[PDB]
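This report refers to the structure that appears directly beneath it.
We name chains A, B, ... by the order of the sequence lines, and we start the count at 1 in each one.
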There are 6 protein chains.
Amino acid sequence: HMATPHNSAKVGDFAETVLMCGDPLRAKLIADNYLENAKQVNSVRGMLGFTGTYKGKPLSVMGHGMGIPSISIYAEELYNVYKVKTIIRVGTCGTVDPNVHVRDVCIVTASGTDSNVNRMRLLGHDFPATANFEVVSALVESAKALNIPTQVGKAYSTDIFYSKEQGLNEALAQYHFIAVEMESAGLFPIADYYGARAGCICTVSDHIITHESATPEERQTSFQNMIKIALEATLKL
Amino acid sequence: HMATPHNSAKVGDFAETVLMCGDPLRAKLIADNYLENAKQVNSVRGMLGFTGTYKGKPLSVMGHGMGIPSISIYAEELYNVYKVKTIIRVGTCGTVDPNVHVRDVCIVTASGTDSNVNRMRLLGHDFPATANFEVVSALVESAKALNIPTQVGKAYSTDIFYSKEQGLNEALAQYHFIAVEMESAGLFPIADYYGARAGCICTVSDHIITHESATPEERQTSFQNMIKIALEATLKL
Amino acid sequence: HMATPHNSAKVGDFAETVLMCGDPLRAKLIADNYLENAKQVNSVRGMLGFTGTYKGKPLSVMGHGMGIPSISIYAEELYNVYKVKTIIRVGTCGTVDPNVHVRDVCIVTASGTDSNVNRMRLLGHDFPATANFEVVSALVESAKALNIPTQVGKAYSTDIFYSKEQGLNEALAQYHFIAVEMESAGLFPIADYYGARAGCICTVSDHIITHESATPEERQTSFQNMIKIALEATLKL
Amino acid sequence: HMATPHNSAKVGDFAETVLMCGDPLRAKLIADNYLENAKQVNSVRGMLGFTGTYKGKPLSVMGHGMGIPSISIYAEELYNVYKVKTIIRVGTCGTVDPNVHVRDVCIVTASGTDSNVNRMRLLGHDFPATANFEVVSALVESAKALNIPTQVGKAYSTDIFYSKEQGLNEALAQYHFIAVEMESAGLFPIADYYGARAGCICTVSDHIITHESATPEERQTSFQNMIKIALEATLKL
Amino acid sequence: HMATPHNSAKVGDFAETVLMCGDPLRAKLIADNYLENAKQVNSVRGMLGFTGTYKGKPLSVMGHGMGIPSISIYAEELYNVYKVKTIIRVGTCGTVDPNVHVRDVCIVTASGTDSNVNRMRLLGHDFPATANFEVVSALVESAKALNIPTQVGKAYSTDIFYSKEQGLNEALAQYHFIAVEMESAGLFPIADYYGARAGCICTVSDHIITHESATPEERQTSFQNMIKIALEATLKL
Amino acid sequence: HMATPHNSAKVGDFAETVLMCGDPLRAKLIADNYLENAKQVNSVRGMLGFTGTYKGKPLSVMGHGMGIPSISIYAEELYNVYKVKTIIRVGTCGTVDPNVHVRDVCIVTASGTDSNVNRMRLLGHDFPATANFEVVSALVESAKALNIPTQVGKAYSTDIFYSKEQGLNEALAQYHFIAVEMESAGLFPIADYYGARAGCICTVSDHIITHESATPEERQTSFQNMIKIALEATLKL
């Protein structure tokens, strides 16, 4: 008798704060390297999740898979069944904005999308997928204390990684979207539904237009930077 | 000599920071009561605008009329022709959230809408009308310094004041929309287009569901609180 | 205790026929220059309205502001609270039709739009914003009696004055839209809702494509013609 | 080698004015009873068309079938290949409006629809399918001369005769749509495209809501009245 | 009193299997040349329908007119009032697929559309208009036994014969749509609603892209082949 | 240098026929229990994939994760980079159809969806996500050979596992959708784009309306029946 169809953890096995990334093997890397006394609490569908502490405060980390439907399943369950209060997505993104650089960590204030899931929640109208202000502020303040450069602004969550859509990148750049990814627009409205909190921070792994990609060391530095920001933010939340 | 079809002001007559409200007569009240050395710089269409200083820093205040098309005209012109860098909308709103109370100040992080103007900017997709983070932060910090409680969260900008739409308020409440008004979803994407900043702060003048309305006395107090917050925030911007 | 949130007029203070234009100062010019014994009946938000007589018939004139949400507020109130029976919008427009010229007055039979307000009235379907036939006929017949040439046909009401939409003008021209403005599509469905009458007459102030503008002299001549047409039509309604 | 895929008539075989009804056997009845020197000029797909004179004026009559796609084929061809200048649809309709009574003649000023064909012509926006004003006026004046009462107003053209859509009739009634049928919203924009004229006149054969239906005698009398109005109107066009 | 508004047939007059084509004169040709003892059961609006036998099994054939609204009327009535169990549409189509050739028989597994009728059945979502598998298989096996090559795949049902839509033919070709016609996407969901069966078989009369058209003789050969396939399939259904 | 961002396999590591299920641990179970000489060819993101032979025929099996965006990534890569020709999804589903029962095997002919990805492929129109007929037929014939009853018909692929949508189940049931799942509508159009083949077979693990759920014992039996049907079908393709 599993608590959810997608998660073998028992109620209480997840901390009130959860970091989530798309790759479950990355969740394990975070738990093994940054958490104290981490225990694996889920492996259903290989979607590894862990719970331990960071500087004495309980903290969990878990994979969410790729795309809005996948993160919607895991986040709904975490808020509803596991009584999680705060989820921070930590991920990678592409960028179309020339002012955004690979060494920039992107702190997401809101996310647009080409999915229908939010129109369906608000009678077909425009529903902004909006990060919680305390979470954003904790991330901004942590990056400043750590002397890590950031960009703060809008993400765009797409259902199609292999985009064929002409004019999209130009419009995203015109309105200064800083990150293109695939999940955050699904996370924020679920947090709203449960009266809980969510945010998102992403590292830039490539310039979508120029097709220039970040080097392995740039990815290492930005990943460490992002994860240090997120972990410190958890102490304020 | 009309610099724009809707504004007789000369280039340079507006400060880089502008407070805007719907009622041009309220803009005049703000200029007369809170600005030093305010001079009227526009009266086309009766949409009064003024420029003076607040605690020594140049500041303008101007009416924007009712609805997304009206504020879009004035804000597009201010950013493009008058080289304004920051617009803060100051207004009243209704609330559907039982946790928001009349006489509460609402600071807007993002705004939904039933307008089509943002779909038309982003190839028909979901484009969240999102406030600039430094503007939100300045408003939140000023309200804290003044010991004024705030709600920080989503607004909903409607085209239709006299709504006939069943189920809408219930959906807005379920996802913890804090403010219902008519303009901010039109302002924020224009600020994006010009690489500039915008935000919005509103006082709650009625609970849409319960139909409880703020007394004239409550409205006066909440307007005074809100305007002091916005004015103090301009010093940080 | 104001009769509406946007209008200090008492019931009865408005005549059954009202001319409306976007600019309240132009409403004042019409009242002062063409109405006999005009009285100001509203100044809330600077949205001036007046009531007098024209050739013995009571007649009012009032501004409606810019855009569909603004005219919707004022027209809903006039039909509902003030029991107005006929509103004729008088305005200016742009043209894309090479057959329409600046010396032409445009009498609007129906208006398209990029707004969502009419889809929301009819379960998402196409709802044509349609002028009342008796009002259209009165305007056409008055222009003939005054020997003023007119174009009679479709308008297009846009939410965005500063349009960036490619291909729009070409389609409008292909289907012989005679006028581009910003309000009439919101007015006609509200008249329908209250079982009342509405129409629209506009002067051509510029060719959108060439960016050709009417001279100030041409504007004054066409305004005098349009107002002469509208005032005479009120005698037939 | 047929002039079109759907019409064996030669160019010139159609008069510049055409009456069209849905039933080709009704077109034959009109030709046999009201036209002089009539000859059949089409029988492709049983869609009978005829050309003769009415009181000295050349006139054709032809069936158009059921639904927007069907009338769109025939009307496009008549305007483009056969150089027709005016089409008047003559038909029956259902009504939801309590002020409209069975055996009332309905003269259509514009038509709504649940079809996509007009969004596709105007970049997804609202395109009002609008009758030509001279055609409308000619119909109104003809009925006036024959002392036949008329309703003048909006129709609604649906793709689905067998509606299952809850709330539609109530919305149509709220906004005083006078006629529900299946074709006119497809006709008027095609006329626009070719710089030509179109109109529609319908008799009420039933009350959709109450299911009160017109008797056979009411049907014959209302058809006789309608067709005389349409024929007399052609003399002014 | 007619059993339906569009059909004078009495209950029982239609066999449980009906072939339908757009042209009622083609339905008469099929009845005269391939059915034994055919009886005309409808001629309302010239939409001829017939009932006889094919190799001892009862079979009907009837016209459906042009477009989704027209077939929807006739098919709903046949399934609902006349208790028909299986309808097979027999027709012609255009092709965009370079692998499909004039005189190729296309058996339709599903059909896309630019109509709104199926979104209106499934809360605005994507509802695939899908042929019944036993009907598809019966057609496939009959063509094999007759040694007639077939293409099996998707059709696209358009509301607009005279297309002006740029990019449509390329997208249809990109996704291997094999047939462009105007009715099947309206037929299949009505069959679903009544728990009944439907299919479609079409012959390619022209390449829409290359504009190659089938010769008059090739059309007769391909019609004979298609009709032979359909009649044989009824023996298995 | 990985052949794709999501797959470490080299080109040639995948067989031309691939079975895909959502759970990567189920793919491993399939490979270990039914494939001879299975080799792991991918483990990126824990999304295990394997290649071996089934009764001498090369066959791969791999997880696709949850939701249309996830399967779209993996399927696009398999067809485009790895030159796969046939993908069969094997899964579980819920049903709303009163004729479908838990432990029923469902073979999917076409899939509806609430996702936007297929509208974006076909100019906003209705694009039916349609299984390849040869694949459907092979699955149907295999189930017949094994004496396993099957239901053949429409699926519905949703983005939202935790549905809150009123009326959806009733409409799905009215039009006899037999299976509700989350991926197949994304798979079929990608196969089309690449000129390749796709299908789907699912076992019913619960009735959404009656809330009957299959026992763990019934689930294993239905999984075993389904997988044997799919494996045998690959020998015919």
- prompt: Any side-chain heavy-atom pair from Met226(D) and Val90(D) closer than 4.5 angstrom?
  reply: yes
task: Answer yes or no: is there a donor N or O on one side and an acceptor on the other, between the side chain of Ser142(C) and the main chain of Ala233(C), under 3.5 Å?
output: yes
- line: The ring pair (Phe, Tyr, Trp, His ring centres under 6.0 Å) partners of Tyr34(C) (sequence neighbours excluded) come to none
field: Under 3.5 Å side-chain donor-acceptor pair for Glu16(C) and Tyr82(C)
entry: no
- request: Applying ring pair (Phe, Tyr, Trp, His ring centres under 6.0 Å), name anything that partners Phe161(B), two or more places apart in sequence or on another chain.
  value: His6(C)
query: Can you tell me if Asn118(C) uses its side chain to pair, donor with acceptor, with the backbone of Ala185(C) under 3.5 Å?
result: yes
query: More than 12 foreign heavy atoms under 6.0 Å from NZ of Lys10(C): is that the case here?
result: no
task: Could you walk me through whether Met20(C) and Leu187(C) pass side-chain contact (heavy atoms from CB on, under 4.5 Å), step by step?
output: CA-CA 11 Å; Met20(C) 299 192 88; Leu187(C) 170 62; 6.0 Å; no
- request: Just jot down the side chain to side chain contact (heavy atoms under 4.5 Å, CB included) partners of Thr51(C), sequence neighbours excluded, or say none.
  value: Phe14(C), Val41(C), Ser60(C)
message: With a 4.0 Å cut-off on N to O distance, would you call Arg121(D) and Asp192(D) a salt bridge?
response: no
query: Residues two or more places apart in sequence or in another chain: which of them pass side chain to side chain contact (heavy atoms under 4.5 Å, CB included) with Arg119(B)?
result: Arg119(A), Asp126(A), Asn116(B)
- prompt: Side chains of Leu35(C) and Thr53(C): closer than 4.5 Å at any heavy-atom pair?
  reply: no
query: If you round to the nearest 0.5 Å, how far is CG of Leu139(C) from CD1 of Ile229(C)?
result: 7.5 Å
field: Value rounded to 0.5 Å, distance of CD in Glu183(C) from SG in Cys200(C)
entry: 8.5 Å
message: Using a 3.5 Å distance criterion without hydrogens, assess whether the side chain of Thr95(D) forms a donor-acceptor pair with backbone atoms of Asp97(D).
response: yes
message: Please check this pair: side chain of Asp23(C) against backbone of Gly63(C), looking for a donor-acceptor N/O pair closer than 3.5 Å.
response: no
task: Give the minimum heavy-atom separation between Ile30(C) and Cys21(C), together with the two atoms involved.
output: CD1-SG, 4.2 Å
- request: Decide, yes or no, whether a salt bridge links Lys144(C) with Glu232(C) under the criterion of side-chain N to carboxylate O below 4.0 Å.
  value: no
query: By side chain to side chain donor-acceptor pair (under 3.5 Å), which residues pair with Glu134(D), not counting sequence neighbours?
result: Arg197(D)
message: Suppose the criterion is salt bridge (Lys or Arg N to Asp or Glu O under 4.0 Å): which pairs have a residue in residues 58-67 of chain C, not counting sequence neighbours?
response: none
field: Between CD1 on residue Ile88(C) and CG on residue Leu19(C), distance to nearest 0.5 Å
entry: 6.0 Å
query: Hey, are the side chains of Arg89(D) and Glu181(D) touching, using non-hydrogen atoms and a 4.5 Å cut-off?
result: yes
- prompt: What residues form a ring pair (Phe, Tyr, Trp, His ring centres under 6.0 Å) with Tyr156(B), not counting sequence neighbours?
  reply: none
query: Distance from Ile178(C) atom CD1 to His176(C) atom NE2, nearest 0.5 Å?
result: 11.0 Å
Residue pair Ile68(B) / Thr113(B): nearest heavy atoms and the distance that separates them: CD1-OG1, 3.4 Å
- request: Applying side chain to side chain donor-acceptor pair (under 3.5 Å), name anything that partners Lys83(C), two or more places apart in sequence or on another chain.
  value: none
task: Taking side chain to side chain contact (heavy atoms under 4.5 Å, CB included) as the test, write out the residues that go with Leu123(E), two or more places apart.
output: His125(E), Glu165(F), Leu168(F)
field: Full working for side-chain contact (heavy atoms from CB on, under 4.5 Å) between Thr109(D) and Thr109(C)
entry: CA-CA 8 Å; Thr109(D) 52; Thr109(C) 51; over 6 Å; no
query: Just by modelled atom types, is the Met62(C) backbone N or O under 3.5 Å from a matching donor or acceptor in the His64(C) side chain?
result: no
- request: Might you work through the side-chain contact (heavy atoms from CB on, under 4.5 Å) test for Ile87(D) and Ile190(D), ending with a clear yes or no?
  value: CA-CA 11 Å; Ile87(D) 298 179; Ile190(D) 293 175; over 6 Å; no
- request: Can you see which heavy atom on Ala131(C) is nearest to which on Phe188(C), and at what distance?
  value: N-CD1, 3.8 Å
- request: Kindly say whether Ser205(C) contributes a backbone atom to a donor-acceptor pair with the side chain of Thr92(C) at under 3.5 angstrom?
  value: no
field: Distance (rounded to the nearest 0.5 Å) between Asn42(C) CG and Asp13(C) CG
entry: 9.5 Å
query: How far does OG of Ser163(D) sit from CD1 of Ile208(D), to the nearest 0.5 angstrom?
result: 8.5 Å
statement: Across all chains, not counting sequence neighbours, the side chain to side chain contact (heavy atoms under 4.5 Å, CB included) partners of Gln174(C) are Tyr193(D)
Non-neighbouring partners of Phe127(C) that pass ring pair (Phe, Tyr, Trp, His ring centres under 6.0 Å), sequence neighbours left out: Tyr175(D), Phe177(D)
query: Considering all heavy atoms of both residues, which atom of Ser115(B) and which atom of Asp159(C) are nearest to each other, and what is their separation?
result: OG-OD2, 4.1 Å
message: For a 4.5 angstrom cut-off between non-hydrogen side-chain atoms, does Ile160(B) reach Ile73(C)?
response: no
field: Over all atoms of both residues, closest heavy-atom pair of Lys85(C) and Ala196(C)
entry: O-CB, 3.5 Å
- prompt: Could you walk me through whether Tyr54(C) and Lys57(C) pass the side-chain contact (heavy atoms from CB on, under 4.5 Å) check?
  reply: CA-CA 5 Å; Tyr54(C) 175 76; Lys57(C) 281 204 183 182; 5.8 Å; no
- request: Taking side chain to side chain donor-acceptor pair (under 3.5 Å) as the test, write out the residues that go with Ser111(D), two or more places apart.
  value: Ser157(D), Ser184(D)
field: Donor-acceptor contact present, side-chain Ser70(C) to main-chain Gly67(C), <3.5 Å
entry: no
- prompt: Heavy-atom distance under 4.5 Å between the side chains of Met66(B) and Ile71(B), does that happen here?
  reply: no
message: Are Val108(D) and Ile201(D) packed together at the side-chain level, in the sense that at least one heavy-atom pair is separated by less than 4.5 angstrom?
response: no
Note, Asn225(D) side chain near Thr203(D) side chain (heavy atom, < 4.5 Å): no
field: Heavy-atom donor-acceptor pair, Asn7(C) side chain to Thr4(C) backbone, under 3.5 Å
entry: no
- prompt: Testing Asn132(C), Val18(C), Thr234(C), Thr17(C) for side-chain contact (heavy atoms from CB on, under 4.5 Å) with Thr86(C), which one passes?
  reply: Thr17(C)
message: Testing the basics here: between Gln151(D) and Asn99(D), what is the closest heavy-atom pair and its distance to 0.1 Å?
response: NE2-O, 3.4 Å
field: Side-chain heavy-atom pair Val100(C), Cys106(C) within 4.5 angstrom cut-off
entry: yes
